[PDB]
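Take a look at the structure below.
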Amino acid sequence: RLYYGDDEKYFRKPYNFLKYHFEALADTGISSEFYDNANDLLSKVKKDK
Amino acid sequence: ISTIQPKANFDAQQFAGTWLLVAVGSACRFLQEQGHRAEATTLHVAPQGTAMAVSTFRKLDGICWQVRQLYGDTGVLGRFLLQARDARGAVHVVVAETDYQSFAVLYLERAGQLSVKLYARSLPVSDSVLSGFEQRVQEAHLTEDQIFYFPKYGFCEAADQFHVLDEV
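Listed in order, the protein sequences are those of chains E and F.
Residue numbers for the first sequence follow the deposited numbering, beginning at 166 and rising by one.
Residue numbers for the second sequence follow the deposited numbering, beginning at 13 and rising by one.
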C-alpha cells in the first residue's frame, strides 16, 4: 500500500490567535527590458592646390 | 508465523538487480479494500555490504515512484531488518527461497503481521514456481483468497528526482 499518513492533519490554535487561515497562494512577476544603441560617424575633407 | 530458514547461502550479489513482483498474499485489508488497480511493482536490489538498498519502482496515478529502502542485515544470512522511522514497526524480512536469475519468495513480518511475496526476473514465470508459492502460502496458512496477482505490464524505472521517498 502506498498511502498518505494522517499525522498532523490538524494543529491546536493558541488562544492569542484569532485566526490562522491556511491558504496556498502564489504570485510571480517578471519584467525584462533591453535597450542597445550604437552610432557611428565619419567626416573627411581634402583641400589641395 | 515463524522464522523459517532463509535461502540456503543467500547471496545479495546474485540476488542483486531487477526483480518483478508476481503476487502477494496477506490479510492486510488495503490489499482488498481499494485493492483494485494495484500497480505493477519492480525491485532493483543493490548490495550495500551485508544489507541491500532496495528501490521499489511503482506507478501512483501514473506518477512513477521509487522507494529507497535498506534491507538491513540481521547478521543471519538472508534475514533482514527494516528499521522503523517511527513507522508502525520494523519489518523482519526472510528471503526464504530464490533462484537468483529466476525467482525469489520473500517472507516479511512486522509486529507479528506476516506477508509473503513472489518476485521473478522474467515476465513469463514457470507455473511450477507459482504453484510452489501457492503451496508456501497454504503453509503460510493464508487462504488463496488472499493472493493478489499484480498487472503484467506498466512497470516503471528511474522515478523522477521529485518522486522518490528516499526512505532508506
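Note that CB positions come from ideal geometry on N, CA and C, so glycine has one too.
Next item on the list: Would you verify that the beta carbon of E:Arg-177 is, or is not, closer than 7 Å to some beta carbon of chain F?
Entry: Not closer than 7 Å to any Cβ of chain F, the Cβ of E:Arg-177 fails to qualify, so no.
Checklist line | Contact between the stretch 81 to 101 of chain F and the stretch 202 to 211 of chain E (3+ Cβ pairs under 8 Å) | finding: Under the Cβ criterion (8 Å, minimum of three pairs), the stretch 81 to 101 of chain F does not count as touching the stretch 202 to 211 of chain E.
Note to self: Check this for me: beta carbons of F:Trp-31 and F:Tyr-112, under 7 Å apart or not?
What the structure shows: At a Cβ-Cβ threshold of 7 Å, F:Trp-31 and F:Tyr-112 do not count as neighbours.
Next item on the list: Hey, could you find the ends of the alpha helix (DSSP H) F:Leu-33 is sitting in?
Entry: Looking at the DSSP string, F:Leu-33 is not in any alpha helix (DSSP H); the run it does join, the beta strand (DSSP E), is 29 to 37.
Next item on the list: Just tell me which of F:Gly-29, F:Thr-68 and F:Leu-154 has its CA closest to the CA of F:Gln-78.
Entry: Among F:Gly-29, F:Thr-68 and F:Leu-154, the Cα nearest to that of F:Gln-78 is on F:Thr-68.
Checklist line | Residues that F:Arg-70 contacts on chain E, provided the C-beta gap is smaller than 7 Å | finding: For F:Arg-70, the chain E residues whose Cβ falls inside 7 Å of its Cβ are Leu-167, in order along the chain.
Next item on the list: Would you tell me roughly how many angstroms separate the C-alpha atoms of F:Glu-146 and F:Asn-21, rounded to the nearest one?
Entry: A straight-line Cα-Cα distance of about 23 Å links F:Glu-146 and F:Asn-21.
Notebook entry, point to check: Using a C-beta cutoff of 7 Å, does F:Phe-42 count as contacting chain E?
Noted result: Proximity of F:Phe-42 to chain E, defined by a Cβ-Cβ separation below 7 Å, is satisfied.
Next item on the list: Determine, using beta carbons only, whether F:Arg-122 and F:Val-103 come nearer to each other than 7 Å.
Entry: In this structure, F:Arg-122 sits near F:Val-103, with a CB-CB distance shorter than 7 Å.
Next item on the list: Could you spell out where the beta strand (DSSP E) holding F:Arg-148 opens and where it closes?
Entry: It is not in any beta strand (DSSP E) - F:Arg-148 instead sits in the alpha helix (DSSP H) that spans 139 to 151.
Next item on the list: Could you check which residue in F:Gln-25, F:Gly-37 and F:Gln-60 has the C-alpha nearest to that of F:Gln-125?
Entry: Here the closest residue by C-alpha is F:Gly-37.
Checklist line | Sub-7 Å separation of F:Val-141 and F:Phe-115 beta-carbons | finding: In contact: F:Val-141 and F:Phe-115 (Cβ atoms closer than 7 Å).
Notebook entry, point to check: Taking C-alpha atoms, which residue in F:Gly-101, F:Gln-44 and F:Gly-90 lies nearest to F:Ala-108?
Noted result: The shortest Cα separation from F:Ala-108 among F:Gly-101, F:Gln-44 and F:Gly-90 belongs to F:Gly-90.
Notebook entry, point to check: Around the C-beta of F:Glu-51, are 16 or more other C-beta atoms found within 10 angstroms, so that it is buried, or is it exposed?
Noted result: F:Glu-51 comes out buried.
Notebook entry, point to check: Under 7 Å between the Cβ atoms of F:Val-117 and F:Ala-152?
Noted result: Judged by their CB atoms, F:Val-117 and F:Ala-152 are not nearer to each other than the 7 Å cut-off.
Check: Between the stretch 72 to 100 of chain F and chain E, which residues of the former have a C-beta closer than 9 Å to a C-beta of the latter?
Finding: Flagged, chain order: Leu-72, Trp-77 and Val-79.
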